[PDB]
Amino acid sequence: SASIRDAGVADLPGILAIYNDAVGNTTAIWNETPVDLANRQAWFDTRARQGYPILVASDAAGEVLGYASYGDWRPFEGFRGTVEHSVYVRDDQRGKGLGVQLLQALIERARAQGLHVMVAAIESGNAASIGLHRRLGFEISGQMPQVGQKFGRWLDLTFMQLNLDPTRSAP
């Protein structure tokens, strides 16, 4: 039912609500402090400057059911072919394949932009997220113990990556 489209500034309150819910309730984002609309507007502006997409999964009423974006992975010019993405689905919208729809769409954008590699950073216990990525062609590249903390406990990080143009032998 839901459609995937580019985000506008009017989607930012719905984006913020999803972001802050993950902050409060999950390991999907390793921050414990919630942010305000201005912070997400600054994030939106950053993506605009970079020319990177922000996509939303939306319903008829314009409710944000999920969103996805990518940014730079490491801050050096040698990494310009590589981006790190994030995909968030509203908690009540889980189990409907929206994460797949969002990530499929984001991959197609990344390809159209001539990018080389998409990197996912996933908390290692999040089997749902790992499986979603695996089924879209991502491979495990790293497993990094105790690099994070949240809820008073150490967290491990799994890196997965997708090469978007495996035939491109040279940059």
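Quick note: we count residues from 1 along the sequence shown, nothing fancier.
Stretches 156-164 and 19-27 differ in mean CA B factor, with 19-27 having the higher one. Comparing the C-alpha B-factors of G137, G142, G131, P34 in the entry, the top value falls on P34. Of all the options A127, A38, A105, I54, the entry's greatest CA B-factor is assigned to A38. Looking at the C-alpha B-factors along this chain, the one for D59 belongs to the highest third. When the CA B factors of the chain's modelled residues are split into thirds, the value for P75 lands in the highest one. Per-chain ranking of the deposited C-alpha B factor places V9 in the highest third. Per-chain ranking of the deposited C-alpha B factor places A68 in the lowest third.
Among the modelled residues of the chain, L115 sits in the middle third by CA temperature factor in this PDB entry.
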